[PDB]
2 protein chains.
Amino acid sequence: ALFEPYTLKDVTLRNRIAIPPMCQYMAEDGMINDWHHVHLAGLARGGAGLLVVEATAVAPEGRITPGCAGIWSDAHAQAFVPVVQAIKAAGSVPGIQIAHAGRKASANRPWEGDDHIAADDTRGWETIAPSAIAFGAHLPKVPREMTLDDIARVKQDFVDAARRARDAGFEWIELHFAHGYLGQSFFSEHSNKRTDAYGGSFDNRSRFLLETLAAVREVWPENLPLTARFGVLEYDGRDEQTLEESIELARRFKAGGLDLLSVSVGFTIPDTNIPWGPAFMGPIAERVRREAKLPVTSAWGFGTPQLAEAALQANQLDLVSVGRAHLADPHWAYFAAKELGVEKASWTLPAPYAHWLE
Amino acid sequence: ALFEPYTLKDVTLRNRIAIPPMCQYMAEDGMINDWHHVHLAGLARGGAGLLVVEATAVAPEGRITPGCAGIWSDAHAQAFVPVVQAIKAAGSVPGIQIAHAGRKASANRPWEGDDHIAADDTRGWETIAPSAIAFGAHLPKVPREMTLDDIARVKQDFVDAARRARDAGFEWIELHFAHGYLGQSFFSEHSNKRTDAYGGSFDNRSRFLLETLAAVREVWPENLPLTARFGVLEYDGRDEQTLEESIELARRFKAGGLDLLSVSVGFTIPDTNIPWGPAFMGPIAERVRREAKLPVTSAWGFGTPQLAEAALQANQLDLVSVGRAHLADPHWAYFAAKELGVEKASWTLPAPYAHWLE
Ligand SMILES: Cc1cc2nc3c(=O)[nH]c(=O)nc-3n(C[C@H](O)[C@H](O)[C@H](O)COP(=O)(O)O)c2cc1C
Ligand SMILES: Cc1cc2nc3c(=O)[nH]c(=O)nc-3n(C[C@H](O)[C@H](O)[C@H](O)COP(=O)(O)O)c2cc1C
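Reading the values: rules and limits
Residues numbered from 1 in each chain as written, not as in the entry; some residues may be left out. Chains lettered and ligands numbered in written order. Heavy atoms only, no water. Buried < 20%, exposed > 50% of the residue type's maximum accessible area, 1.4 Å probe, protein only. Helix = DSSP H or I, 4+ residues; strand = E, 2+ residues; numbered from the N terminus. Pairing = 2+ DSSP bridges. Right-handed = clockwise from strand over helix to strand, strands pointing away. Polar contact = N/O pair within 3.5 Å; in protein donor to acceptor, adjacent residues only side chain to side chain. Contact = heavy atoms within 4.5 Å. Least-squares fit on C-alpha atoms. UniProt positions renumbered as here; feature names shortened; annotations may be inferred. Near = heavy atom within 4 Å. Areas by Shrake-Rupley, 256 points an atom, 1.4 Å probe, with all protein chains shown as cover. Nonpolar A, V, L, I, M, F, W, Y, C, P; charged D, E, K, R; others polar. Buried area = accessible area lost by both parts, 1.4 Å probe.

A closer look at the pairing of strand β6 (residues 93-99) of chain B
Residue and element names in this part refer to chain B.
And then number 1: For β6, a buried count of 7 out of 7 residues is recorded, marking the element as mostly surrounded by other parts of the structure.
And then number 2: Residues of β6 alternate between two faces, with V93, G95, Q97 and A99 on one and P94, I96 and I98 on the opposite face, all of them buried.
And then number 3: Direction of pairing for strand β4 (residues 50-57) relative to β6: parallel, over a ladder of 6 bridges. Bridge pairing links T56 to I98 in β6.
And then number 4: Two strands pair when backbone bridges link them, and β6 and strand β9 (residues 172-177) are joined in this way by 4 bridges, in the parallel orientation. Bridge pairing links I96 to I173 in β9.

Description of unusual backbone geometry
Residues and elements named next belong to chain B.
And then number 1: For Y25, which is not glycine, the phi dihedral falls at a positive 55°.
And then number 2: By the secondary structure assignment, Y25 is in the loop between β3 (17-19) and α1 (34-45).
And then number 3: Given a relative accessible area of 10%, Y25 falls into the buried group.
And then number 4: Notably, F267 is not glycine yet its phi reads approximately 55°, a positive angle.
And then number 5: On the secondary structure map, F267 appears in the loop between β11 (260-265) and α8 (282-292).
And then number 6: The class of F267 is partly exposed, set by a relative accessible area of 27%.

Re the pairing of strand β11 (residues 260-265) of chain A
Residue and element names in this part refer to chain A.
And then number 1: Taken across its 6 residues, β11 has 6 buried, putting it largely inside the fold.
And then number 2: Of the two faces of β11, the one holding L260, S262 and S264 and the one holding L261, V263 and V265 are both buried throughout.
And then number 3: Chirality of the crossover, the property in question, places the unit of strand β10 (residues 226-233), helix α7 (residues 239-255) and β11 among those that are right-handed.
And then number 4: With helix α8 (residues 282-292) bridging β11 and the parallel strand β12 (residues 296-298), this β-α-β connection has right-handed handedness.

Quick look at the side chain of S321(A)
All names here are of chain A.
And then number 1: Mapped onto the secondary structure, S321 falls in strand β13 (residues 319-321).
And then number 2: For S321, a relative accessible area of 5% puts it in the buried group.
And then number 3: A distance of 2.9 Å separates the side chain of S321 from the side chain of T297, its partner in a polar contact.
And then number 4: Excluding residues that lie within four positions of it along the chain, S321 makes contacts with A18, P20, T297, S298, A299 and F302.

A short note on the relation of the copies chain B and chain A
And then number 1: Screw-axis analysis of chain B against chain A gives a translation of 0.0 Å along the axis, an RMSD of 0.0 Å, and a rotation angle of 180°. Between the two chains, the operation in question is that of a two-fold axis. Minimal C-alpha separation from the rotation axis in chain B is found for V38(B), amounting to 2.6 Å.
And then number 2: Most of the interface of chain B is mirrored in chain A, where 100% of its interface residues are also at the interface.

Things to note about the UniProt feature "binding site: FMN" (unreviewed entry) in chain A
All names here are of chain A.
And then number 1: Under the UniProt annotation, the feature "binding site: FMN" (unreviewed entry) is placed at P21, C23, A55, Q97, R229, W300, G301, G323 and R324.
And then number 2: By the secondary structure assignment, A55 is in strand β4 (residues 50-57).
And then number 3: If sequence neighbours within four positions are ignored, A55 has contacts with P21, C23, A69, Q97, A99 and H176.
And then number 4: Within the secondary structure, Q97 sits in strand β6 (residues 93-99).
And then number 5: A residue is classified by how much of its surface remains accessible, and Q97, at 2% relative accessible area, is buried.
And then number 6: For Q97, the contacting residues outside a window of four places in its chain are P21, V52, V53, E54, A55, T56, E174, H176 and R229.

Section: the environment of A90(B)
Residues and elements named next belong to chain B.
And then number 1: As for its placement among the helices and strands, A90 is situated in the loop between α3 (81-89) and β6.
And then number 2: Classification of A90 by relative accessible area gives partly exposed; the value is 21%.
And then number 3: C-alpha separation for the pair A90 and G42, spaced 48 residues apart in sequence, amounts to 8.8 Å.
And then number 4: Here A90 is in contact with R14, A44 and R45, once residues within four sequence places are set aside.

Things to note about the site of ligand 1
And then number 1: Contacts to ligand 1 come from 16 residues, most closely from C23(A), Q97(A), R229(A), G323(A) and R324(A).
And then number 2: Near ligand 1, the surrounding residues belong to chains A and B.
And then number 3: Side-chain polar atom of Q97(A) to a nitrogen atom of ligand 1: 2.7 Å apart, as the coordinates give it.
And then number 4: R229(A) places a polar side-chain atom, nitrogen or oxygen, 2.7 Å from an oxygen atom of ligand 1.
And then number 5: Notes on ligand 1: free accessible area 620 Å², of which the protein chains cover 89%.

Section: the site of ligand 2
And then number 1: Every one of the 16 residues lining ligand 2 counts as a neighbour, but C23(B), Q97(B), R229(B), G323(B) and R324(B) are closest to it.
And then number 2: Site remark: ligand 2 is flanked by residues from chains A and B.
And then number 3: Take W300(B): an N or O atom from its main chain is 3.3 Å from an oxygen atom of ligand 2.
And then number 4: Separating an oxygen atom of ligand 2 from a backbone N or O atom of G323(B) is a distance of 2.8 Å.
And then number 5: Here ligand 2, which alone exposes 620 Å², has 89% of that area covered by the protein.
And then number 6: For the shell around ligand 2, the residue count by class is 9 nonpolar, 5 polar and 2 charged.

Regarding α8(B)
Along an α-helix, residues three or four positions apart point the same way, because every turn accommodates 3.6 residues.
Residues and elements named next belong to chain B.
And then number 1: By the burial criterion, the buried members of α8 are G282, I284, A285, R287, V288 and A292.
And then number 2: Residues of α8 that are buried sit in contact with β10 (226-233), α7 (239-255), β11 and β12 (296-298).
And then number 3: Positioned one or two residues after α8, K293 has a phi angle of 50°, which is positive.

Describing the interface of chain B and chain A
A common measure of how large an interface is: the accessible area buried when the components associate.
And then number 1: Contact residues are listed per partner, giving 29 residues for chain B and 29 residues for chain A.
And then number 2: For the pair chain B and chain A, the summed buried surface comes to about 2,700 Å²; carbon and sulfur atoms form 70% of the total.
And then number 3: Taken together, the connections running from chain B to chain A amount to 12 residue pairs in polar contact.
And then number 4: At the level of secondary structure, the elements contributing two or more residues to the side of chain B that touches chain A comprise α1, α10 (324-328) and α12 (351-357) of chain B.
And then number 5: Broken down by element, the side of chain B that touches chain A gets its largest block of residues, 8 residues, from α1(B).
And then number 6: Residues that form the side of chain B that touches chain A fall into these classes: 19 nonpolar, 6 polar and 4 charged.

Structure follows, in structure tokens:
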């Protein structure tokens, strides 16, 4: 099952292995470079059917850190062209996750503190969010409450980002509405205390996300997969209520043209108790897939080939996202093919490699 | 031992893992491209201390196949510059093997026949060698016997190639005098039947190789490792006599400025019986190292970490060459570090990967 092709709209993936977006923190002023080119081209040659580029900021203040990639200008977008072309040359589908970090923005790289940048550090910047409330813990900075014009501008930033991704050659797009960043924070009652049209009720909290999706849909080709990542629960003691609302939003996403949903955890606040475990997201993703009748993918621990295979065979997911295993071994798809006893497993790789490994 | 640094001349390798030259057959008219750039940069980031670029032809007719890389012009050399710089940026030492296929030239890619190109194929060309005798088997073409001027020209081609490698930024060079190609064929009595100064006696058969080394030494920096690969035996029923002569030549190489010898098998003729096995070259390399008092490396089956470690600890080799395992997994060095229980094994890789794998 892991090596069966998958067709969504006009795009066909050679297998069900998806490399989820994984920040590299190697960009400068949002511009990607040879780190990203080699990293991504190398992964594409590894055999995966889909390669989704890391969270790319739609605006400067939407970066998580000073090392995050951006696509807030045509120059930023053009930098992606040679990479997109190399990914296609390798036979993998090029995708990209566009995002805005919201209150979790202006933070240090993970190996450089992983915390909000100091007030007197020249690299930092003011964060924006639905309400002026801090995440807490290692991200204590209180963000600035967005005005209606800030909301209009951020939506347009997402539109510009999607238009740029389209013209750069990407064939798959993912809106980052998860992990406590801007989109996720608008949906969660923990972070959204607004009393206007963008806060309060389920309809109001969903508004920013739905309007952004609709706005993006106007510029994103209808024959190319339009997707999003969304945290459907927080493990904050309100899981049943939260999951029910999240599933309802997933239904609205589908009706609004979403082709597939990447199911994740919210990470909206720090006071939670997440039951980490191999493929622990499987059951949750399956319920969303079933109740919203929408294709899904999920991640965490699927680097074990048999787990990926099992999840697909049980129809818990349509695509299996494998992250860290690809950082350890960019040719994981080849390792997986061997593990599952696929015929001519070495040919998951290009001839220059395959010929000698068969 | 595998992760102990190694200093040769002014160059210091971060560990004892060497990626031996491995043809990719992806060049066009000798010009390398993004296949090579991503392939090599990716391998450098994998952690290996030394990365030796594939056999690069010193002349067009010296290519093994139409897909072989070349460095017979300054334009060809300049194409290597960005790759060399990416390898250095990753902290690996950039090396390159310069070569001339001799009678084994003008052959099809391994996955496209692996045999001598048909007479009426527009991609083929006449081969040259010490004597007009064919390898046989899948390489039946009888090569043209070289004139003294052909020999003078090929030597100059090696000099030009080394000068170009130097100016491109390479910090390690390897002369390809093995695997039945031109250099190896001049030394072997099987292929060399000349009756002039370049054939007959041990001194005459060694002449082409020694003169080429001396010529290259004039342009190659004295503070950068000058090495060569040489087949010390053929497994043709004349191993003791052949090994004795090969060791004597190794002594002449050392006296002539060779800093390290990559020990291999001759592959000069097809009628042999090679005892393939994991690290089977270990004992032979050790004897050459001991009797010629020259640093050495060897390959075949060292992809098993414990074998590489064992070979180093027993002083059979100074560097361990790991080939195919790197095609399967460009991050083999990381796999090896874990296998051998190295402290902070994930940091064999760059921060963007290491931080998440520790
Ligand atoms: C270095 C690194 C960068 C990541 N970057 C992103 C990102 O930009 N956007 C996102 O939605 N998830 C991101 N994630 C979470 C991964 O996409 C994935 O869901 C997670 O690693 C769990 O899968 P795994 O167990 O296969 O690694 C990242 C994870 C790591 C380790
Ligand atoms: C694709 C491929 C290309 C190779 N190219 C070269 C070359 O250009 N020059 C050379 O001396 N040896 C070459 N070799 C032989 C390797 O350097 C190495 O000695 C051999 O693969 C044995 O080591 P391994 O068991 O670790 O793969 C090649 C081997 C493979 C599989």
